[PDB]
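Labels run A, B, C, D, E and F following the written order; every chain starts at residue 1.
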Amino acid sequence: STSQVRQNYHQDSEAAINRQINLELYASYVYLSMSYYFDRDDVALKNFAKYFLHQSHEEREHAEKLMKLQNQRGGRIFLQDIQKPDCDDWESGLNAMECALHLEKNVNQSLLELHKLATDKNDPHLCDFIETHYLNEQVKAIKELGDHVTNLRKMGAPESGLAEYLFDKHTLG
Amino acid sequence: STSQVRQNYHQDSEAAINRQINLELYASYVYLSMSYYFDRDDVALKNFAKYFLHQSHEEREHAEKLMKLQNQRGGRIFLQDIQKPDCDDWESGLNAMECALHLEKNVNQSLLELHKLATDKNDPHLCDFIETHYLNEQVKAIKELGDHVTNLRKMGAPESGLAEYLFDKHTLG
Amino acid sequence: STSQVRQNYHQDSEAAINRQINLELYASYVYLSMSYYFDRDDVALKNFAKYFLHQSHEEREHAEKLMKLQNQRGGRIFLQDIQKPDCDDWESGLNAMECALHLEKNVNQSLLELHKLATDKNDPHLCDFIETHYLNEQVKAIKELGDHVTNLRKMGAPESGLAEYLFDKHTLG
Amino acid sequence: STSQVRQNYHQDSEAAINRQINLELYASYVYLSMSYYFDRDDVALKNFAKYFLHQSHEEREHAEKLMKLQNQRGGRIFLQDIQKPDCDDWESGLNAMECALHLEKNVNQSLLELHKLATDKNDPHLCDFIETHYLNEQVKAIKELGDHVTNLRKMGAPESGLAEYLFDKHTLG
Amino acid sequence: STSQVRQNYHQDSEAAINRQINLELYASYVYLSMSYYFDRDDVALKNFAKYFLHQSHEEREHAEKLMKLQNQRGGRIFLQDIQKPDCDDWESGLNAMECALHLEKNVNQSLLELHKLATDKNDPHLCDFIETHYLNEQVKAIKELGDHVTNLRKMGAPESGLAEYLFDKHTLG
Amino acid sequence: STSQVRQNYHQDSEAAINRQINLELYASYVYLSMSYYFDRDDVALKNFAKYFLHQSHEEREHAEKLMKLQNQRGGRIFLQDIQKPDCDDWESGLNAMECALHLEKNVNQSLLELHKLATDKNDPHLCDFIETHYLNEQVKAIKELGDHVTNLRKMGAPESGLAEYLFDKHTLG
């Protein structure tokens, strides 16, 4: 039953990796939802749409990198349903950015727990994988989203549609 | 409630489009599952893996094009859960190709039903969209998969691991 | 007696590093043996030979990088005899790949123990050195060797000399 | 009061980061002092001067990278006075190199303590930041300075002004 | 005790030069503080941050040019502590620009006093050094900062976060 | 038992070739030891280190060329342990060069005996192999090492660390 390549790879780590794959695919789908919300004719913030579509594709890449890890270590990928996002309508550029920030922080929390599990199972390969490819990426993503939220709020989002328009143009464009 | 852009776009067409978006995302996820099955150390058919990863990404693009259509016509996208694929283990290159063929034919059946609905609702824009971007793509995809299945079977797949190896190399490589 | 550069570098870490240098040189010599086995006129698998010669040279590089580490930290290199490989005759491409996989897993086990020692001695520099340069390299090497072994077996190695011939051509060539 | 981006970032880590920023700025100022000592008409070792000016600028960059970290994690930078170096007159190329070595080892000790704190607070992001950007840099810097000191001493520094002249020319030039 | 190069270089001029070096290093550190204030996630004015980081680096260059002067004339550099800036929190883009203007005017006042001292000691070399490298630079810097402050105020800074956002984009970006 | 390619290749020649392979691998390991001795922080002669690392790699190439010969003639390679060098500490650049000269002369002596054996067994192919690839190489290597030793001694090595420094720079650099 054991993969010929498997070495120092705990079943709990394999299970946590599968959970993280699902979480990354969920995040990708959330960002997809936000992108096409901004593509609506009654929202019409093209650069918000592009920003979130980019984020969605990046999240898919993260999921695929975790799947690659799973196979590299000799674990077995078990996919689950990708839950629909909590929203169909994201209300505003600012609200979408706030939801993105919350999502990224939740993903980061899951990564930190994954790292803690790896550490407890003395899996330095897994630990350094997470550190190299995920943790810093998360920190950057959270910082960027915080900057966006701060700027939008200072500009007067979401009540100033001029605010969101000009943010779309000058920051995301 | 009606989008300012909406014209000659039936609610039933909007609903069918949402169903098709979900189906395309499902197909993408199925192909993703197959790709990383072939990336397993105990399967190790890299070009099968690449082929299915490519198919997964193409399916995601098809879904995004349908979402774009939905917004273009003034419909509203409603996302649903993306169901996990029926399999974790696809057994063989031949079996995966057969499942892909079955999937593509099911998607094609759904597209033909969508076209029938569009025709009944006298929506020539939607009909042409499906014809131009989806129907011929499906016919080509089905023909290619049928060619793959035929070749694999003639070569002696799935019992001839040499068969699958050489197919991976010479057709998909 | 203490090197002017030495800082947070435990004697046990220095000793384990010397052991790892010897192990890397041993692995290099093993791969050299396999390469020239495949260069024999009665084996004549040129791309197997090239593959293992490449592996031998890579192993020498790994050993030299550990020696560089030892000097960087102010430890002192103590070289030992490089034991001859367990085999003169590696029997087949498949058998050689299986022995390579076993060797790489043993080296990986030694690296993991080295990491554990570093961790226990609170030597984060050493830990991240191992993580960055060795652990992922090992995981990749093991995965590749597992793929090779899987493919060879599925093709019918080692009884199908056609199998090994075609693997030599299409994968390693 | 808590930054919107802050996650898994302990107050003690923030405080230690501020201490490290100050230490890096101090080191930069020390190297600046040494550079312009070697620019004196009665010392006149241009390549020593360039070497230490380079080191000063590198130290400033390290400090700025720590400040960037602090903001990335949502901590708040608190700057302190940058203490003047212990010397105005560094006496010789050899003495300056020895003081630089001592300084670099002290900075390294502070980095190791920072890492230990990060580890204790289970901050893998901070740990890998230190490992990636600082620890190896320190090891290299210490090794280089040790090489310089060794060479100078063997050449006959600081009593052989010919020694320092030729070292300036051939190593640092 | 007298440098072999020293000629027409008064001790009071040497002392005033050392004071100016310290002042330039202080200004550099102030600008550094402002830069990373604007890099905070709750401020998030990237082009303000870049502007002040640039100013900090320029101030470092000014200090180094004065140190070079000191050595050229045969005076001896005596470094002092670099005092921390008066603020950790610069409150707004406008407030930071106003503080920068005040700082630049104080540095200019110190340069004018240095020039007056040079004149009184009949040190035309020192006088023309100050005139060529510093005085016009100061006049330009003050004019630019005044323009920034004027623009920000007219735009409605600091109460209009839109004001600061758009200034960051269009003037400093 | 006899290789299909074997012709005019005496068992004694095959045995002597295996001995020479081991000797070449030993010499490569000796040179490796010397290289990293010169990489020590308390020796710090980078160009000595590079010179000996180059020699080590060349020796490995010589060994591989002999292994290739063995297979070309239809003999069978039998590897032995590679003995550790007689020294961990090579004391000085001059001492290392003297040991290298002694080593090269011993290898040359072994090559001459190999040639004599070939001649006695009327193996002109083997004779001309040795003549073409090894004997002249040895003569050149010995002459170069003698030049190095002569220069070092005349410069005042090993007591003049300035001597070794400047030799490292001007001859080996």
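For this structure, a couple of remarks:
FYI, a residue touches a chain if its C-beta (ideal position, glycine included) is under 8 Å from a C-beta of that chain, and two chains touch if they have at least 3 such contacts.
More inter-chain C-beta contacts link the pair A-B than the other of D-F and A-B.
Its interface matching that of A-E in over half of the contact pairs by residue number, D-F stands out among A-D, D-F or C-D. Measuring from the averaged C-alpha position of chain D to that of chain E gives a distance of 25 Å.
The distance from the centre of chain B to the centre of chain C, each centre being the mean of the chain's C-alpha atoms, comes to 43 Å.
A straight line joining the Cα centres of chain C and chain E is 57 Å long.
In chain E, the residues touching two or more other chains are 41-42. Looking at the complex, you find that chain E touches chain D at residues 3-5, 25, 29, 32-33, 36-37, 39-42, 53, 60, 64, 67-68, 70-71, 74, 76-85, 88. Listing the residues of chain A that touch chain D in their complex gives 101, 105, 108-109, 112, 115-116, 119, 127-128, 130-132, 135-136, 138-140, 142-143, 145-146, 149-150. Contact residues on chain B toward chain C in their complex (touch as defined above): 41-44, 46, 161-162, 164-166, 169.
For chain D in complex with chain F, the residues that touch the partner chain are 143, 146-148, 150-151, 153-156, 160, 163, 166-167, 170. In the complex of the two chains, the chain C residues touching chain D come out as 3-5, 7-8, 71-74, 122, 124-125, 127-129.
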